[PDB]
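The block underneath contains the structure these notes are about, expressed in structure tokens.
Just so you know, all these numbers are worked out from the coordinates, no wet-lab data involved. Here the Cβ positions follow ideal geometry from the backbone for every residue, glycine too, while neighbour counts run over all protein chains shown.
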Amino acid sequence: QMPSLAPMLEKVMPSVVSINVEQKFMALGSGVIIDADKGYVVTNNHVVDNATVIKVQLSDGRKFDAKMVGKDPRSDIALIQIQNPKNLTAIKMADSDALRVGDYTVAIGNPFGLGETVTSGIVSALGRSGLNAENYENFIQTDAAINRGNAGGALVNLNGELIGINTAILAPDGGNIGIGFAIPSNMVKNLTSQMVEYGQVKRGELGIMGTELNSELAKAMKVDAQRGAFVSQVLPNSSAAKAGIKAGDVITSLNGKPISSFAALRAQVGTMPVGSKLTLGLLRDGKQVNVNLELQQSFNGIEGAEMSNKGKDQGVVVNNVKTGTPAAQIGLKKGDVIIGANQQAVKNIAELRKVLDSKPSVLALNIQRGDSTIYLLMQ
Amino acid sequence: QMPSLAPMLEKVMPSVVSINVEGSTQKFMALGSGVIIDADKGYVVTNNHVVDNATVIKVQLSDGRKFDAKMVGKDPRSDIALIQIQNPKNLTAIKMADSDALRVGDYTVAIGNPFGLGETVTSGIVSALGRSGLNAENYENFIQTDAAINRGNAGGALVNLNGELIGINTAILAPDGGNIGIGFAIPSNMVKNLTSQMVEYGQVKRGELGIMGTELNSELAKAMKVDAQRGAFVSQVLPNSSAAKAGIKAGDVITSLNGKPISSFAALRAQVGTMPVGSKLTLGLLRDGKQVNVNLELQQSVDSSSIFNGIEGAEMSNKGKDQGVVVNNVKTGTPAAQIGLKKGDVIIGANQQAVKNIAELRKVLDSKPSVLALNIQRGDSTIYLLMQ
Amino acid sequence: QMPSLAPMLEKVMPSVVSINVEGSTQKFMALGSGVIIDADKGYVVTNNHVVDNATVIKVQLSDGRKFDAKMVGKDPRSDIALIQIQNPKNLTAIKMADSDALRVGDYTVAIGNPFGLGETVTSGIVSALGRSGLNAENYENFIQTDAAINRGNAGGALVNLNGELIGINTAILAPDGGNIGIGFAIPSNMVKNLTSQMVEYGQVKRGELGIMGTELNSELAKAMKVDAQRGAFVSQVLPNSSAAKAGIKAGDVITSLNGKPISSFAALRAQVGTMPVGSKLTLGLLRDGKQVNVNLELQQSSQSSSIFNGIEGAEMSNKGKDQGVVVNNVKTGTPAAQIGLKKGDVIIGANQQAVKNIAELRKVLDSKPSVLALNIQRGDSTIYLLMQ
Amino acid sequence: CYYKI
Amino acid sequence: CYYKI
Amino acid sequence: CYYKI
Amino acid sequence: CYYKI
Amino acid sequence: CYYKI
């Protein structure tokens, strides 16, 4: 009585696909089914970017036509949707925060377009980053065989639960040398569930700057931990400024789960939707500090000018004007009052909008600045 | 207490041998691995691309004993050869399990000799099955494994966790010549069927059923409104073939053989490309959404390069009852038409001796004369042709 | 509930460190890995080529704690170094296992810092034992594995499933510099014997047995009518040697070491080429086809960067009875001819302070002034040499 | 393309 | 290495 | 295409 | 064809 | 060639 992965795999392999996408080029990659009914397939962005035609081939051979749903190249995640799905098999996703270095992994993909290829390995390490200092990267590293074409494929645990999406290998020659990286499933969950609900990735920010924490900085700042996030500075009017996070603080944990590095921490919340409440574990002056937070974004404010109504149907008064804005090109200044536009009088932000809803090629605004009555022009 | 593979390998590694070959073409020497099939007789299967053009062949066991081995059979369409150890004394044979029981996910142990380092055991799993396309003319129903395999593993055994032979490691895909986790092995059932043919007759009785076809993709099954999205699609059946005798219509899809599902046409072609003439087998079909089962039996099946090696584009054969070698058709600019062989020529003789058939022709060919002088005839004319 | 290596790794992962070193030759930087042997003293074993020409050695743990490490002992003949962590504060060392009980097919786990990525864990199996020939003069008895090993794993750990160190990852056979599934690591017993010498002496007590030999191949086996196809072939024994006192005659074939069979003579040279002087051992011989055992006891053999740490090419020791620091033999173009040194030179003084031995010699190397004045002699001639 | 058997 | 989050 | 070990 | 990492 | 121990 021998062991084998075949039972687990014959349940999972129908859920991993191969993708064909077409200075004209032809490309090949892999994808994994997220929703059985809607035909959603997750895949790497560098596979279906600049795609005119997207053909998906299932495990049985059935070809399908797919089109784009969402994309986020900062994390190299893209979601496509099979058109007219018939009898599709979704995969079961696991929480990658339960992963541990040494757990056995199985990678599924289409290396060199050969067809679905299954490869085995272990969790080589976790939390790896740095291969593109501006990309959101929190890779699972694995010694499982992964080559050109395995991108967008499935990295699953021994129960078949999806733990990550194979993305890139470290290889001086373009062929696997036992170092493959996969985006953890939890980032795929937060990213794809946004591409469905919003179409793109609603990016939130906390308003803190920081650098990594080395064993050399731990000495100078009387800090105990040797790896984390060092709060250099917090922007005012930011969630952290509001939450009372001061400079020189050190972020040790996130929601209980400790942090491995700033670059991992940056990539985690880079995938969280705006408004995602969370809790952080700080460390200032040798005191353990917990803090709750709320992401934010980076009347009818149009093109960088905040405006509301003035008087009883007396038009729309501009309230602020950011310099170097579309508003600055138009010349409008804070305190300016609109009476009408395009020979139509404006009483409130509704009548303004119904001319903006009419979408004209040029916009002539009948404002009054100070004592004078002038016109402004747009578009 | 630890789990391991050592107790299985200690019974299996004496079975795998390292091979050394000396040849000439620019003289060459090659190294690889081999697998003892029969213990008493000394049959050692290896890759044909390992032992071709070999003048001297010495086989070294796991313990370092050297032996001398003689070629017995070769089959390059599937890349399996067979050699026989001289004076076999105290060898170990390998049990061969049914490769058709393999599934994607099973664990594999690769044994070979990379770079002459010695017997190297590596670990992997069945990555995929039924793979073909490396050399689209070859009979390849390869097993795919991420077991580490580099230059020299060829002819080495691929075994399950019980040490039973499940495939002979053949080739890898490497854009840099070093293993990147992709190895290919010929299933043990194809080796079992091709080794058993070289034991009886020394070469292969390449049997033909008599159906033409091509792969069944997902687009063709939509056009043919057939359920299955993979199998063998019968484009046509040849007349006077045993397959045609059995009741096979064109447009039918083949789905199983001996009950075993079919991964692809090129796999099915490779599976039966090994079985000897007359092998009875069962087939599962799908014509008009109906299942059809039928049993069958092989029938028997010529270039100038099938008589010369190097002279293509001139299809020839015998003529009448010992009336010379007739030239049936010749293509322009082919290695025969460059010397003067035209279509219809009746090869009458060569070097002052009569040529009545492909047999009497080969009596002086193998006598290897320096310059050759055919006495063919272009109809009523009597002409001569020269070579070398 | 899934099988995993994580429960074992979380015990052993702290024991493996990464090693960052800066030096010069032309300044450079490089990195490998190390393993904590004594968590109390701060002993980290690594490869000697990781720490060759090293001015500053920094060790970074699993958790990111930076430390400082000074050299202890080096042995480039077997590429084992040993360093001690400055300020050992709350470490955990790895326990070791007996490599002589290793079997081909046992599962292995490699831990190292490939490409400075941090502590990476990779799984594989024992591919083969007793591997050598990759540098004939070095004492190599390597273990082979298909576990992923690349630049930075050097000096890293190779453990079994119980978490016990069985080998130190040393080098790979990669045609392109990237792991193709073939890695070599120095066995544990070899590292234990070498490190345990470096703790006492900071050097390796190189003992010899006094035999000449070559590899027993199958061809020579027939020549001498010897049944064993591999082992050590005794060519001659030296007079006054323990091997002679043990009664070993030329033409005897060694087959076992303390019971443990021999994979090759090259493995045997490395095995006892590491056992400290005086280590009593037994041997399995084979003369006239009759098995013979014999008990033995290694004796002394009596033989600059060992002392200089960077300026090599010339071996040097003490001279006579309190006669200074003699120079045995020098290689050309090395840093030894960069200063004005030949064979036979005897360093008697330095900076107006005499030098009776290497302990009196390094007693001024400690002073580290801006300028060095070596008061050497060549023949009856007394000269000085200046550096830095 | 096509292939025979 | 002074990114923003 | 492929290589032949 | 050799590499000492 | 020959070796020494």
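Observations, loosely collected:
- Exactly one residue out of B:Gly73, B:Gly34 is under 26 Å from C:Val126 (Cα atoms) and touching a strand residue (DSSP E or B) at 6+ places or on another chain (Cβ under 6 Å): that is B:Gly34.
- Condition met for C:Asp52 (crowded, with 19+ Cβ neighbours inside 10 Å, acidic (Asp, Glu) and over 20 Å from C:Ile111 (Cα atoms)): yes
- Subset of the stretch B:75-117 that is surrounded by 15 or more Cβ atoms within 10 Å (Cβ to Cβ) and of a type in the set (D, E, K, R) - its residue that is nearest to the other protein chains (Cβ to nearest Cβ): B:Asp106
- Only one entry of B:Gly202, B:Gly167, B:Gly177 meets the criterion of being surrounded by fewer than 22 Cβ atoms within 10 Å (Cβ to Cβ), of a type outside the set (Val, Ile, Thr) and closer than 30 Å to B:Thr122 by Cβ, and that entry is B:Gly177.
- Residues being assigned to a loop (DSSP other than H, G, I, E, B) and hydrophobic (A, V, I, L, M, F, W, C) - total across the stretch C:141-190: 9
- With respect to (1) closer than 25 Å to A:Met2 by Cβ; (2) surrounded by fewer than 22 Cβ atoms within 10 Å (Cβ to Cβ); (3) among the charged types (D, E, K, R), the lone exception for B:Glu137 is condition (1).
- Filtered residues of the stretch A:333-354 (kept if in a helix (DSSP H, G or I) and either surrounded by 17 or more Cβ atoms within 10 Å (Cβ to Cβ) or of a type in the set (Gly, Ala, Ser) (or both)): A:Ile349, A:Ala350, A:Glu351, A:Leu352
- Note on the stretch C:52-63: among residues that are closer than 16 Å to C:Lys27 by Cβ and either in a loop (DSSP other than H, G, I, E, B) or β-branched (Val, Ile, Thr) (or both), the one that is nearest to the other protein chains (Cβ to nearest Cβ) is C:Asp52.
- Evaluation of A:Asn214 against (1) more than 21 Å from the chain's Cα centre (by Cα); (2) crowded, with 20+ Cβ neighbours inside 10 Å; (3) closer than 24 Å to C:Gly118 by Cα (one fails), failing number: (2)
- Residues of the stretch C:258-288 satisfying the condition of being in contact with a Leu (Cβ under 7 Å, 6 or more places away or on another chain), part of a loop (DSSP other than H, G, I, E, B) and at negative phi: C:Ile262, C:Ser263, C:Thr274, C:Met275, C:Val277, C:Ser279
- Close pairs from the stretch A:43-54: first more than 18 Å from A:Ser15 (Cβ to Cβ), partner basic (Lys, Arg), Cβ under 6 Å, at least 6 apart: A:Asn45/A:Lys71
- On the stretch given as the stretch B:226-244, residues that are of a type in the set (S, T, N, Q), surrounded by fewer than 16 Cβ atoms within 10 Å (Cβ to Cβ) and in a loop (DSSP other than H, G, I, E, B) total 1.
- Note on the stretch A:260-305: residues that are more than 30 Å from A:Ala328 (Cα to Cα) and over 19 Å from the mean Cα position of the chain (by Cα) amount to 15.
- For the stretch C:138-158, the set of residues classified as within 14 Å of chain A (Cβ to nearest Cβ) and of a type in the set (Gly, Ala, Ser) consists of C:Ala147, C:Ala148, C:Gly152, C:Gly156, C:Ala157, listed by residue number.
- Top-ranked residue of the stretch A:1-49 - restricted to ones that are among the charged types (D, E, K, R) and away from chain B (no Cβ under 12 Å), ranked as surrounded by the fewest Cβ atoms within 10 Å (Cβ to Cβ): A:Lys24
- Of all residues in the stretch A:355-379, those that are part of a loop (DSSP other than H, G, I, E, B) have Cβ atoms under 6 Å from Cβ atoms of residues that are hydrophobic (A, V, I, L, M, F, W, C), 6 or more apart or on another chain, in A:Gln379/A:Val362; A:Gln379/A:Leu363.
- Condition met for B:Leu161 (facing chain A (nearest Cβ under 9 Å), touching a helix residue (DSSP H, G or I) at 6+ places or on another chain (Cβ under 9 Å), under 18 Å from B:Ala266 (Cβ atoms) and surrounded by fewer than 22 Cβ atoms within 10 Å (Cβ to Cβ)): no
- Filter result for A:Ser124 (in a loop (DSSP other than H, G, I, E, B) and of a type in the set (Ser, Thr, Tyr)): no
- Residue check for C:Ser123: facing chain A (nearest Cβ under 10 Å) and closer than 25 Å to B:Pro3 by Cα: yes
- Restricting attention to the stretch C:204-225, the residues being touching a strand residue (DSSP E or B) at 6+ places or on another chain (Cβ under 6 Å), part of a loop (DSSP other than H, G, I, E, B) and more than 18 Å from C:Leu257 (Cβ to Cβ) number 2.
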